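Trainee: The file below is input_28.tsv, TSV, C-alpha atoms (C1' of nucleotides):
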chain	number	residue	atom	x	y	z
V	948	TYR	CA	40.10	-47.90	18.51
V	949	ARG	CA	39.92	-44.19	17.64
V	950	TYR	CA	39.92	-42.91	21.24
V	951	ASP	CA	42.37	-45.21	22.98
V	952	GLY	CA	45.14	-42.65	23.56
V	953	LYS	CA	43.74	-39.64	21.72
V	954	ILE	CA	40.83	-37.24	22.12
V	955	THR	CA	40.14	-33.96	20.31
V	956	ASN	CA	40.46	-30.99	22.69
V	957	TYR	CA	36.83	-29.99	22.30
V	958	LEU	CA	35.29	-33.42	22.78
V	959	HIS	CA	37.01	-33.53	26.16
V	960	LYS	CA	36.13	-29.91	26.99
V	961	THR	CA	32.45	-30.43	26.06
V	962	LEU	CA	32.26	-33.77	27.92
V	963	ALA	CA	33.97	-32.47	31.05
V	964	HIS	CA	33.71	-28.84	32.06
V	965	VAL	CA	30.40	-27.73	30.56
V	966	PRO	CA	28.05	-28.36	33.54
V	967	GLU	CA	30.54	-26.57	35.80
V	968	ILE	CA	30.86	-23.40	33.70
V	969	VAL	CA	27.11	-23.25	33.05
V	970	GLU	CA	26.66	-23.45	36.83
V	971	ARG	CA	29.24	-20.65	37.28
V	972	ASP	CA	28.67	-18.06	34.50
V	973	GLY	CA	24.96	-18.91	34.58
V	974	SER	CA	25.12	-19.49	30.82
V	975	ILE	CA	27.36	-20.02	27.81
V	976	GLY	CA	27.10	-19.46	24.06
V	977	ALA	CA	25.89	-15.96	24.85
V	978	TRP	CA	29.59	-15.52	25.56
V	979	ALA	CA	30.58	-17.21	22.29
V	980	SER	CA	33.17	-15.92	19.85
V	981	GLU	CA	30.30	-15.50	17.37
V	982	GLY	CA	29.62	-11.85	18.30
V	983	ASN	CA	33.19	-11.07	17.37
V	984	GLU	CA	33.76	-13.09	14.51
V	985	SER	CA	30.81	-12.15	12.54
V	986	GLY	CA	31.89	-8.60	12.74
V	987	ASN	CA	34.89	-9.66	10.60
V	988	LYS	CA	32.60	-9.68	7.58
V	989	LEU	CA	32.10	-5.93	8.12
V	990	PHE	CA	35.80	-5.35	8.44
V	991	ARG	CA	36.17	-6.66	4.91
V	992	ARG	CA	33.47	-4.53	3.32
V	993	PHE	CA	34.43	-1.48	5.42
V	994	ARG	CA	37.92	-1.98	3.98
V	995	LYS	CA	36.53	-1.57	0.48
V	996	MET	CA	33.35	0.53	0.44
V	997	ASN	CA	34.20	2.95	3.24
V	998	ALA	CA	38.03	2.86	3.10
V	999	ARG	CA	39.95	6.09	2.39
V	1000	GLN	CA	41.93	4.59	0.60
V	1001	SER	CA	45.70	4.61	1.51
V	1002	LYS	CA	47.67	2.65	4.18
V	1003	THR	CA	47.94	5.62	6.54
V	1004	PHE	CA	44.30	6.71	7.01
V	1005	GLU	CA	42.61	3.45	6.18
V	1006	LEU	CA	42.50	1.85	9.63
V	1007	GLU	CA	41.38	5.22	11.01
V	1008	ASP	CA	38.22	5.54	8.90
V	1009	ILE	CA	37.41	1.77	9.00
V	1010	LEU	CA	37.52	1.90	12.78
V	1011	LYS	CA	35.44	5.10	12.99
V	1012	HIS	CA	32.82	3.92	10.52
V	1013	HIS	CA	32.64	0.58	12.30
V	1014	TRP	CA	32.02	2.34	15.61
V	1015	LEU	CA	29.20	4.25	13.94
V	1016	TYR	CA	27.76	1.05	12.61
V	1017	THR	CA	27.66	-0.43	16.07
V	1018	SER	CA	25.97	2.42	17.95
V	1019	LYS	CA	22.43	1.79	19.33
V	1020	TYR	CA	21.31	5.38	18.93
V	1021	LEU	CA	21.17	4.93	15.18
V	1022	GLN	CA	19.60	1.49	15.14
V	1023	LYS	CA	16.83	2.89	17.31
V	1024	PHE	CA	16.09	5.30	14.46
V	1025	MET	CA	16.34	2.57	11.88
V	1026	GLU	CA	13.63	0.50	13.64
V	1027	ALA	CA	11.25	3.30	12.67
V	1028	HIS	CA	9.14	2.38	15.70
V	1029	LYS	CA	7.20	-0.46	14.04
R	438	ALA	CA	-19.92	14.77	-14.50
R	439	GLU	CA	-22.57	13.27	-16.84
R	440	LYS	CA	-23.27	16.42	-18.95
R	441	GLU	CA	-19.69	17.62	-19.65
R	442	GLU	CA	-17.53	14.51	-19.27
R	443	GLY	CA	-19.08	11.18	-18.28
R	444	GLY	CA	-16.65	9.89	-15.66
R	445	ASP	CA	-13.70	12.27	-15.63
R	446	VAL	CA	-13.24	12.59	-11.85
R	447	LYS	CA	-9.76	14.23	-11.54
R	448	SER	CA	-9.92	17.54	-13.46
R	449	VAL	CA	-13.14	19.13	-12.15
R	450	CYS	CA	-11.64	19.18	-8.65
R	451	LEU	CA	-8.18	20.23	-9.93
R	452	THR	CA	-8.97	23.35	-11.93
R	453	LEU	CA	-11.36	24.92	-9.40
R	454	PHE	CA	-8.88	24.30	-6.59
R	455	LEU	CA	-5.47	25.51	-7.82
R	456	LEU	CA	-6.87	28.76	-9.09
R	457	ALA	CA	-9.23	29.17	-6.12
R	458	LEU	CA	-6.18	29.19	-3.90
R	459	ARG	CA	-4.27	31.75	-5.99
R	460	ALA	CA	-7.46	33.91	-5.64
R	461	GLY	CA	-6.52	35.28	-2.17
R	462	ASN	CA	-3.00	34.82	-3.04
R	463	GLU	CA	0.34	34.40	-1.76
R	464	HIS	CA	1.90	32.25	-4.46
R	465	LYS	CA	3.98	29.76	-2.34
R	466	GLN	CA	1.40	26.99	-2.96
R	467	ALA	CA	1.08	27.41	-6.73
R	468	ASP	CA	4.51	25.80	-7.20
R	469	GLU	CA	3.73	22.78	-5.04
R	470	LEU	CA	0.27	22.32	-6.57
R	471	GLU	CA	1.21	22.91	-10.21
R	472	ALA	CA	3.90	20.26	-9.74
R	473	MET	CA	1.52	17.89	-7.83
R	474	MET	CA	0.28	15.52	-10.59
R	475	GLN	CA	1.56	15.11	-14.14
R	476	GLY	CA	4.97	16.85	-14.14
R	477	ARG	CA	6.98	15.35	-12.66
R	478	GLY	CA	7.34	12.94	-9.75
R	479	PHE	CA	5.69	14.40	-6.73
R	480	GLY	CA	7.20	12.45	-4.97
R	481	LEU	CA	10.08	11.31	-7.11
R	482	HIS	CA	9.27	9.62	-10.51
R	483	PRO	CA	9.83	5.80	-10.13
R	484	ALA	CA	12.49	5.87	-12.88
R	485	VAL	CA	14.63	8.32	-10.87
R	486	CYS	CA	14.12	6.06	-7.81
R	487	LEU	CA	15.04	2.96	-9.75
R	488	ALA	CA	18.20	4.63	-11.04
R	489	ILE	CA	19.09	5.85	-7.53
R	490	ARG	CA	18.82	2.29	-6.33
R	491	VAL	CA	20.47	0.31	-9.14
R	492	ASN	CA	23.29	2.83	-9.66
R	493	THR	CA	24.35	3.46	-6.04
R	494	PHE	CA	24.36	-0.35	-5.39
R	495	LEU	CA	21.54	-0.62	-2.82
R	496	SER	CA	20.40	-4.09	-1.87
R	497	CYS	CA	16.63	-4.46	-2.38
R	498	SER	CA	16.12	-5.14	1.31
R	499	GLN	CA	18.52	-2.29	2.04
R	500	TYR	CA	16.56	0.06	-0.17
R	501	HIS	CA	13.23	-0.90	1.38
R	502	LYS	CA	14.88	-0.46	4.79
R	503	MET	CA	15.68	3.14	3.86
R	504	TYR	CA	12.21	3.65	2.37
R	505	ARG	CA	10.57	2.61	5.64
R	506	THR	CA	12.85	4.94	7.54
R	507	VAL	CA	12.32	8.06	5.42
R	508	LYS	CA	8.56	7.36	5.28
R	509	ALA	CA	7.98	6.91	9.01
R	510	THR	CA	10.18	9.81	10.13
R	511	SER	CA	8.93	13.12	8.74
R	512	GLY	CA	6.93	11.72	5.90
R	513	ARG	CA	5.44	12.58	3.46
R	514	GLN	CA	7.35	9.56	2.05
R	515	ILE	CA	9.57	10.46	-0.91
R	516	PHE	CA	10.87	7.19	-2.30
R	517	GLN	CA	8.55	4.86	-4.18
R	518	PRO	CA	7.83	1.35	-2.76
R	519	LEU	CA	9.46	-1.78	-4.22
R	520	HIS	CA	6.59	-3.31	-6.14
R	521	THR	CA	6.24	-0.04	-8.10
R	522	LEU	CA	9.94	-0.12	-8.90
K	1	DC	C1'	19.86	-23.50	19.89
K	2	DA	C1'	24.14	-16.93	15.59
K	3	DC	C1'	21.93	-13.56	12.80
K	4	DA	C1'	21.04	-9.86	9.12
K	5	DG	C1'	19.28	-10.77	5.19
K	6	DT	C1'	18.50	-13.04	0.15
K	7	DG	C1'	14.22	-11.44	-4.09
K	8	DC	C1'	9.80	-12.83	-5.53
K	9	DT	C1'	6.37	-15.01	-4.00
K	10	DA	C1'	2.29	-15.72	-1.19
K	11	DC	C1'	-2.31	-12.89	0.38
K	12	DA	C1'	-2.41	-11.51	4.80
K	13	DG	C1'	-3.64	-6.77	5.87
K	14	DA	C1'	-4.98	-1.61	4.44
K	15	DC	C1'	-9.40	0.62	1.35
K	16	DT	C1'	-15.38	2.06	-0.71
K	17	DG	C1'	-20.99	2.28	-0.03
K	18	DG	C1'	-25.09	3.03	1.70
K	19	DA	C1'	-27.93	1.67	5.00
K	20	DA	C1'	-28.65	2.58	9.75
K	21	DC	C1'	-27.57	1.81	14.13
K	22	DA	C1'	-26.17	3.10	18.57
K	23	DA	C1'	-22.92	5.37	21.78
K	24	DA	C1'	-20.86	9.10	23.20
K	25	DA	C1'	-19.75	14.07	23.31
K	26	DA	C1'	-21.06	18.32	25.22
K	27	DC	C1'	-25.37	21.91	24.38
K	28	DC	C1'	-29.93	23.24	25.43
K	29	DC	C1'	-33.28	22.54	28.05
K	30	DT	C1'	-37.14	21.31	31.16
K	31	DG	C1'	-37.92	18.84	35.47
K	32	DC	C1'	-38.05	18.84	40.49
K	33	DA	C1'	-35.33	20.49	44.02
K	34	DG	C1'	-32.81	24.47	48.93
Mind turning this structure into structure tokens?

Mentor:
Amino acid sequence: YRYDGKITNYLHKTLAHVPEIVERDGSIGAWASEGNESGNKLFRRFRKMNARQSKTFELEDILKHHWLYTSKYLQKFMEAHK
Amino acid sequence: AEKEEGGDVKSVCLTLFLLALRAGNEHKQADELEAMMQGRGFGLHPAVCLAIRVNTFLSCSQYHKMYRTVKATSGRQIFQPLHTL
DNA sequence: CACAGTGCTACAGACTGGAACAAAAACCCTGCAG
């Protein structure tokens, strides 16, 4: 009664093309939007804490500081080797 | 210890040592040693630590994170651990 | 089977002491050897 002529995009996508793409990419969910998205949280705080702050320079120093946040070289240090 | 104090462990070692060093002396050490116990910090007094956490807005876990880092690398840890804060 | 945390809790781990054991390090030695 609820699926006669209508199906949500995802229910179809998840019931149809999943085995195929898992066969092809080798895996999925590692490729998820999550690794992006989450980052958005930072973009908010880096727009307050670390912002300049004026419209001109703001994107510049957010972007820079973000890049610095992402780098491995630093995280290596912050592990403190156990 | 029994004849002149009775259980005062700290001082007997302290007074012989500071002064014994400044016997064949370059001074350099006298500053580090005279600061060493009661005044002040050595490392940093826990009140100064507490203030430098609370007032710069460091998350507890964030603070401890830093503490671990500064301790492990070239330490000689400076900051005081959380439970003493 | 998102992931970096979220503080305070829990008590896991880090400590002494003599009493004595053992192993190992690197000397000296004496032993039996050309």

Trainee: With only C-alpha atoms as the basis for distance, which of R:438, R:472, R:449, R:481 is at the shortest distance from residue 513 in chain R?

Mentor: R:481

Trainee: Identify every residue of chain V that has at least one atom within 12 Å of any atom of chain K, counting only C-alpha atoms (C1' of nucleotides), and report the result as a VMD selection string.

Mentor: chain V and resid 975 to 986 988 to 989

Trainee: So that each row is one residue of chain V with an atom at most 12 Å from chain R, can you give its shortest atom pair and the distance in Å to one decimal, using only C-alpha atoms, rows by chain and rising number, as JSON lines?

Mentor:
{"residue": "V:996", "atom": "CA", "partner": "R:494", "partner_atom": "CA", "distance": 10.8}
{"residue": "V:1021", "atom": "CA", "partner": "R:506", "partner_atom": "CA", "distance": 11.3}
{"residue": "V:1022", "atom": "CA", "partner": "R:506", "partner_atom": "CA", "distance": 10.7}
{"residue": "V:1023", "atom": "CA", "partner": "R:506", "partner_atom": "CA", "distance": 10.7}
{"residue": "V:1024", "atom": "CA", "partner": "R:506", "partner_atom": "CA", "distance": 7.6}
{"residue": "V:1025", "atom": "CA", "partner": "R:506", "partner_atom": "CA", "distance": 6.1}
{"residue": "V:1026", "atom": "CA", "partner": "R:506", "partner_atom": "CA", "distance": 7.6}
{"residue": "V:1027", "atom": "CA", "partner": "R:506", "partner_atom": "CA", "distance": 5.6}
{"residue": "V:1028", "atom": "CA", "partner": "R:509", "partner_atom": "CA", "distance": 8.2}
{"residue": "V:1029", "atom": "CA", "partner": "R:509", "partner_atom": "CA", "distance": 9.0}

Trainee: At most 9 Å is the cut-off: for each residue in chain K with any atom that close to an atom of chain R, write down the nearest atom pair and the distance in Å rounded to one decimal, counting only C-alpha atoms (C1' of nucleotides), chain first then increasing number, as a tab-separated table.

Mentor:
residue	atom	partner	partner_atom	distance
K:5	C1'	R:498	CA	7.5
K:6	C1'	R:498	CA	8.3
K:7	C1'	R:497	CA	7.6

Trainee: For CA of residue 997 in chain V and CA of residue 1012 in chain V, quote the distance in Å rounded to one decimal.

Mentor: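 Separating CA of residue 997 in chain V from CA of residue 1012 in chain V is a distance of 7.5 Å.
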
Trainee: So how many Å separate CA of residue 443 in chain R and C1' of residue 19 in chain K, to one decimal?

Mentor: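 Calculated distance between CA of residue 443 in chain R and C1' of residue 19 in chain K is 26.7 Å.
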
Trainee: For a test of reading the model, state the distance in Å between CA of residue 970 in chain V and CA of residue 954 in chain V, rounded to one decimal.

Mentor: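 Those two atoms sit 24.6 Å apart.
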
Trainee: Using all atoms listed in the file, which residues sit within 9 Å of range 484-495 of chain R once same-chain residues fewer than 4 positions away are excluded, as a ChimeraX atom specification?

Mentor: /R:478,499-500,516-517,522
